[PDB]
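Listed next as structure tokens is one chain, alone, in the form deposited in one PDB entry.
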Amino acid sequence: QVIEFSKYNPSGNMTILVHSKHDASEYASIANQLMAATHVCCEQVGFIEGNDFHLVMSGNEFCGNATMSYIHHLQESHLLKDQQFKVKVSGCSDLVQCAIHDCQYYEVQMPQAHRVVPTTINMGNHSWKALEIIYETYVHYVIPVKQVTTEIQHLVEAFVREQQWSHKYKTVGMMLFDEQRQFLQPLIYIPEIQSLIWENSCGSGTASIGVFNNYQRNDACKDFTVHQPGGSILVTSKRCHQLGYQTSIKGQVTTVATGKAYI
């Protein structure tokens, strides 16, 4: 099978978008073959399907970095001018608010944090204050740190591996945040497969820093820079009375490759 694809770099979290048309029944198999290290290789695969913008993720979840890649493809390939628009994305009940801004910055509305719980977590001989941020299908812990260290990283791995996690949470994020350096070291745990990954960058993790800032200061944040291993992402977040948290991320994306993949 020939697959028409583009590979993109949104802060080091490598994304493929598929341009060619396939049955949704094949997305799982196509994506699994493409993301392999012995193939094109990537972290996430999206399929590009009047209501003309539709992105379907191979797992059918919402992905901010893949949506951001899709916005970039629309600007780059379809020559869209700067504007505010909506996209249909798998994993979302409502259309997602997107924007193309000047200087090729792309803004994506992120899933609403339902509630927050200030907590402390015990790792080793130390306790850390953390903010538990609860979404419909995942949970992030924002853990302020003086500096990220391999010792702390080992402690965090042990913590996620030793804990029992609600089956509500498809992913468990441990977001180590150096507040002074505005630096995020994101860890993603997938309970079902008991696998951990220290991400180059994390759209959803960046969004969680915006909610953390809102809780911590009662201040909105606008274009707050979250530095990460793979680059940086901006977060805009405000609590809007009864409407709750309204959070978006903004970033740049580079196309690294386009052509045909063989599966």
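In case it trips you up, residue 1 is the first one in the sequence shown, and so on. The term rigid core refers to the maximal set of C-alpha atoms that superpose within 1.5 Å between the two forms. Shifts are known only where both forms have a C-alpha.
> Please classify the unmodelled stretch of the deposited sequence between residue 49 and residue 50: none, 1 to 3, 4 to 9, or 10 or more residues.
Gap size class: 4 to 9 residues without coordinates, per the record.
> Of 97-105 and 74-82, which one has the bigger average CA B-factor?
Between 97-105 and 74-82, it is 74-82 that shows the higher mean C-alpha B-factor.
> If you average the CA temperature factors over each stretch, which comes out higher, 199-207 or 58-66?
Per the PDB entry, the higher value belongs to 58-66.
> Based on the PDB record, which member of 115, 154, 129, 88 exhibits the highest Cα temperature factor?
Going by the entry's C-alpha B-factors, 154 comes out highest.
> Tell me which of 171, 164, 182, 185 tops the list for C-alpha B factor in the record.
That would be 164, according to the entry.
> Can you tell me which third, lowest, middle or highest, the CA B-factor of residue 247 falls into for its chain?
As the PDB entry reports it, the C-alpha B-factor of residue 247 lands in the lowest third of its chain.
> Lowest, middle or highest third: where is residue 218 by C-alpha B factor in its chain?
For residue 218, the deposited C-alpha B-factor lands in the highest third.
> Select lowest, middle or highest to describe the third in which the CA B-factor of residue 24 falls within its chain in this entry.
For residue 24, whose C-alpha B-factor we compare with every modelled residue in the chain, the answer is the highest third.
> Which third, lowest, middle or highest, does the CA B-factor of residue 134 fall in along this chain?
Ranked within chain, residue 134 CA B lands in the lowest tercile.
> Which third, lowest, middle or highest, does the C-alpha temperature factor of residue 143 belong to within its own chain?
Its C-alpha B-factor, which the entry lists for residue 143, ranks in the lowest third among residues of this chain.
Quick note: we don't show the form deposited in another entry, though the next part is all about it.
> Pick from 33, 214, 200, 58: whose Cα moves by 2 Å or more between this form and the one not shown, rigid core superposed?
It is 200; the other listed residues stay below 2 Å.
> Are residue 198 and residue 37 closer or farther apart at their Cα atoms in the other entry than shown, with the shift being 3 Å or more?
Relative to the displayed form, residue 198 and residue 37 move farther apart in the other entry - a change of at least 3 Å between their C-alphas.
> Between residue 128 and residue 202, do the C-alpha atoms lie closer or farther in the other entry than in the shown form, with a difference of 3 angstroms or more?
Result: farther.
> Which residue ranges, three or more long, have every Cα moving by 2 Å or more between this form and the one not shown relative to the rigid core?
Those runs whose C-alphas all shift by 2 Å or more are 37-43, 200-202.
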